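**Student:** So the protein lines, in turn, are chains A and B. For my numbering, add 8 to where a residue sits in the first sequence, where the first one is 1. For my numbering, add 8 to where a residue sits in the second sequence, where the first one is 1.
2 protein chains.
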Amino acid sequence: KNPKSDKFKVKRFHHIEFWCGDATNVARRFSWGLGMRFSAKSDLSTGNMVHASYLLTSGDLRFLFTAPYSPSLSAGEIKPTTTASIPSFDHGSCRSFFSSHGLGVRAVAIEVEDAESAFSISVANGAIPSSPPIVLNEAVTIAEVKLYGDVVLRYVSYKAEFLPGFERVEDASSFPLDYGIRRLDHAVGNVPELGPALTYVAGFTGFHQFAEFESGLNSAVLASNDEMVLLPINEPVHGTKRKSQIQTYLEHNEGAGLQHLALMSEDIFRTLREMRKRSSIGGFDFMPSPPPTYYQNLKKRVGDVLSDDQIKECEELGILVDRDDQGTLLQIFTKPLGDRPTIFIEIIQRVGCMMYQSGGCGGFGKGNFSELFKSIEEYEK
Amino acid sequence: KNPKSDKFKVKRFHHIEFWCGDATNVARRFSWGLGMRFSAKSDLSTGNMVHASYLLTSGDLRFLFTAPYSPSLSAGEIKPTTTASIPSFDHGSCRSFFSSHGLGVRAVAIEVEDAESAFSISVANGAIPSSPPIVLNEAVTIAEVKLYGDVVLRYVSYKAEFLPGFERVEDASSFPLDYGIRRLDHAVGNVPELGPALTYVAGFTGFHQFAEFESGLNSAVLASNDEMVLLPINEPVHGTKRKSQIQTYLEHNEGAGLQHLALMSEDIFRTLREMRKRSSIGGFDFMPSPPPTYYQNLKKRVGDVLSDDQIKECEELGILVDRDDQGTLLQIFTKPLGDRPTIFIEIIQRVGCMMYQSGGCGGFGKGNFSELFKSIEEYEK
Ligand SMILES: Cc1c(C(=O)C2=C(O)CCCC2=O)ccc2c1c(=O)n(Cc1ccc(F)cc1)c(=O)n2C
Ligand SMILES: Cc1c(C(=O)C2=C(O)CCCC2=O)ccc2c1c(=O)n(Cc1ccc(F)cc1)c(=O)n2C
Ligand SMILES: [Co+2]
Ligand SMILES: [Co+2]
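#1: Tell me the start and end of each unbroken alpha helix (DSSP H) in the segment 62-136 of chain A that is at least 4 residues and wholly inside, in chain order.
#2: Is the closest heavy atom of ligand 6 to the C-beta of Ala270 (chain A) under 7 angstroms?
#3: Compute the Euclidean distance between the alpha carbons of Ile276 (chain B) and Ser315 (chain A), then round it to the nearest angstrom.
#4: Under 8 angstroms, Cβ to Cβ, is there at least one residue of chain B near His260 (chain A)?
#5: Determine, for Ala75 (chain A), whether the minimum Cβ-Cβ distance to residues of chain B falls below 8 angstroms.
#6: May I ask you to check if the CB of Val209 (chain B) is nearer than 7 angstroms to at least one heavy atom of ligand 3?
#7: Figure out for me which residue from B:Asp330, B:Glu354, B:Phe26, B:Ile340 has the closest Cα to the Cα of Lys374 (chain B).
#8: Tell me the rounded alpha-carbon separation between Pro244 (chain B) and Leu206 (chain B).
#9: Would the segment 319-339 of chain A and the segment 206-223 of chain B be scored as touching if the rule is three or more Cβ pairs under 8 angstroms?
#10: Taking 8 angstroms as the threshold (beta carbon to beta carbon), is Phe341 (chain A) in contact with chain B?
#11: Would a C-beta distance cut-off of 8 angstroms place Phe73 (chain A) and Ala31 (chain A) closer than the cut-off?
#12: Which residues in chain A have a C-beta closer than 7 angstroms to the C-beta of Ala60 (chain B)? List them in chain order.
#13: Between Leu258 (chain B) and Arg250 (chain B), what straight-line distance do the alpha-carbon atoms span, to the nearest angstrom?
#14: Tell me the DSSP bridge mates of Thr149 (chain A)?
#15: How many Å lie between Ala83 (chain A) and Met57 (chain A) at the Cα?
#16: Does chain B have any CB closer than 8 angstroms to the CB of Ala92 (chain A)?
#17: Taking only the alpha-carbon atoms, compute the straight-line gap between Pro11 (chain B) and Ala219 (chain B) and give it to the nearest angstrom.
#18: Quick one: which chain B residues come within Cβ less than 9 angstroms of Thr350 (chain A)?
#19: Return yes when at least one heavy atom of ligand 4 lies under 7 angstroms from the C-beta of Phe218 (chain B), else no.
#20: Tell whether a beta-carbon distance below 8 angstroms holds between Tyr187 (chain A) and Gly43 (chain A).
#21: I'd like to confirm something about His260 (chain A): is its beta-carbon nearer than 7 angstroms to some heavy atom of ligand 3, or not?
#22: Counting only Cβ-Cβ distances shorter than 9 angstroms, please list the residues of the segment 181-196 of chain B near chain A, keeping chain order.
#23: Using a cut-off of 9 angstroms between C-beta atoms, extract the partners of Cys28 (chain B) located in chain A.
#24: Excluding the five sequence neighbours on either side, which residues of its own chain have a C-beta within less than 6 angstroms of the C-beta of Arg162 (chain B), listed in chain order?
#25: Does any C-beta atom of chain A lie closer than 8 angstroms to the C-beta of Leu111 (chain B)?
#26: What do you reckon, is the C-beta of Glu354 (chain A) under 7 angstroms from a heavy atom of ligand 3?
#27: Can you find a C-beta in chain A that's less than 8 angstroms from the C-beta of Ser78 (chain B)?
#28: For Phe381 (chain A), name the three-state secondary structure that DSSP assigns.
#29: Among B:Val313, B:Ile327, B:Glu354, B:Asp14, which has the Cα closest to the Cα of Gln334 (chain B)?
#30: Note down, in chain order, each residue of its chain lying with its Cβ closer than 6 angstroms to the Cβ of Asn376 (chain B), except the 5 sequence neighbours on either side.
#31: Check whether chain A comes within 8 angstroms of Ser107 (chain B), counting only Cβ atoms and requiring the distance to be less than that.
#32: Could you work out which residue in A:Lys17, A:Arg20, A:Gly41 is closest to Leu280 (chain A) when comparing CA atoms only?
#33: Can you say whether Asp179 (chain A) is buried or exposed, counting buried as having 16 or more other CB atoms within 10 angstroms of its CB?
#34: Mind checking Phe381 (chain A): buried by the 16 CB within 10 Å criterion, or exposed?
#35: Can you check whether the C-beta of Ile289 (chain B) is within less than 8 angstroms of a C-beta belonging to chain A?
#36: Quick one: does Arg176 (chain A) have its CB under 8 angstroms from some CB of chain B?
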């Protein structure tokens, strides 16, 4: 059931913004590790005396990395005279965010029909305002409300290239890397208490609970009208034998925040081949692969969707497979992106639910917790 | 003239420590860009609840990247019960350093005969103490004094692998990258006033002025007894037509700090080939190459040291060449390592002064300021 109760017109995920201490080094690491091209910049060379912001793109996926300059460079500015290209940016907020949480996602940005209306309706329905709507060069409107912890939901709307004040990157500085990643599939938060978090966000968005199907978590998924914007949220389950990874997150993150970004690939085999080649030369590491028991067990579960060669290719790359009543999910998880055991990335590809593909086809892989555990026990025997 | 006036026995440069916001991302970027292998770690997985520290090595060059965890992880600790592997580390100091200066060098570490003696003699001769001598596992002693700005000179001495509490890295996580870099040749500071900086450092070390031979700077070089530890210092020259890059440094860095690290290569051609291949895929960019006039002019200056093919190889890679009365210097400079126009790296190789090679053979390339300017003007004509 999808009651289509969005309180304003939402289109798709637009970008994800990381708040960094040094945007250059994080952006260069991410570019090489994920196969994303340098696409736009806003920094000293573009007249921005406030913050350095670098945009990476792969297909429709947009990662923004932002870090503050010394406040002394902009000490004479006021908001009416700012050289910042992102008017919501604040030196103190960014330094405090990074001190508290380390490297992580500050903003989950969605494109909407009218950011000023989305902001007004959201706040009228309980959203905690973070940054009021600001019109940039009479061309783009951006506004921000609190999502969870210190993460904001950012609304962006275009009258008719990223943001005014950003320059396209000189293609000599823009190597055309591409490992197959194409868009953001979902963005997941960790919170201490799931119920109040869901009530808050569904309250101000009108997002509905996405239909789904004892190890760590309780979760639920909020979805836009066409279920293309997907915001799962997790809470820990306390008192178990193996400590909940959600609770570990909350301890090392200093509270609620974004847990993982799931990036859709148009060819998950190629993406994982390319990412794994680079794991030890600057890129990203992956979680330990499941035992061969797990792949022997794949034949009985997905042998009608994947051939034996396709299954052994999953085994080569450590790919997990799960199944809905409608579609099949291929997924794999990186180790944490930075120093703290907090944020990580998921690579996914979905098969089925053809109409275009419907959002959330195959689910989110919750069935893979049990399957992984069983495979580990069976391999031990 | 070298009066050999060191007040304690100094051996060689030992390591350089960067203070970061996220040590993982900076270390991975640097590893790929410079061809340095992951060699040791001290972090949550080794029992360090205070800071994450990753060591990269290439030959004898050692780069350490350190970032603080949330203070909450170590809130119950006191210095006598610390899990930090570097006892001088302080959460507040590190966060304040990074807020003020951005990504940069906190410590220039030299190996000495006896770090406790070096510290005592240094402070008795005017050094401002930063961290007192601490003996680690009855095996290594480390102490720190102020060098300039918020940079410390770190003394390390070994009774008889990096530091106790660091673990060697599992070689599956240690890809054997190597682009030819072998050691730190010199480390350079920028200060507002050269005279007082020189008097201070030479005062407490006994380092002597290194013998040398109107665009930006005044500089001088302090050297150890065998002139293997080389610490140049620059001050700006104000009131010129083109603004001094030393003054730009001081403005964006919020004062004095480390300007550049010069890394000796055993094969500067191979190093630059490998680094330039990676500039746009996560590595480091280089300053704009000199005009062909500069390389046409090389024949008359170094045509007795380099063949025509060796000179055109310099032209392929943008390498600068300068000459002493004793030796020849090949050098090139990266663009700034991070967001701010502050710290950068120099790659160098020296030819001549064979006895082993004597330190500082060929100088530091100050003659290349004039040669670059002349080449630019001649190319314009
Ligand atoms: C994050 C994740 C998901 C996931 O995407 C997801 C959502 O999108 C929304 C609903 C809740 C949720 O969970 C699915 C399966 C995962 C993982 C995952 O993180 N891990 C990692 C892990 C490894 C060993 C260990 F001991 C503990 C955790 C998995 O193993 N599976 C199998
Ligand atoms: C840092 C450097 C050195 C150097 O190593 C050095 C020391 O070790 C100690 C003594 C002082 C000193 O300077 C030598 C030559 C350099 C540079 C350098 O930084 N640049 C970069 C530059 C480019 C364009 C522009 F407009 C301004 C600066 C150069 O061009 N040359 C030619
Ligand atoms: Co997921
Ligand atoms: Co130099």
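We put the CB at the ideal spot given by N, CA and C, even for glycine.
**Tutor:** Well, looking at it:
#1: 99-109, 123-132
#2: Of the ligands this structure carries, namely ligand 1, ligand 2, ligand 3 and ligand 4, none is ligand 6.
#3: 51 angstroms
#4: yes
#5: yes
#6: no
#7: B:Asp330
#8: 14 angstroms
#9: no
#10: no
#11: yes
#12: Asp347
#13: 16 angstroms
#14: A:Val143, A:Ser165
#15: 10 angstroms
#16: no
#17: 12 angstroms
#18: Per Cβ cutoff of 9 angstroms: no residues; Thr350 (chain A) is ~10 angstroms from chain B at best.
#19: no
#20: yes
#21: no
#22: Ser181, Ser182, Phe183, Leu185
#23: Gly29, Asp30, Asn33, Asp347
#24: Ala115, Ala117, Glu152
#25: yes
#26: yes
#27: yes
#28: helix
#29: B:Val313
#30: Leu328, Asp330
#31: yes
#32: A:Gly41
#33: exposed
#34: exposed
#35: yes
#36: no
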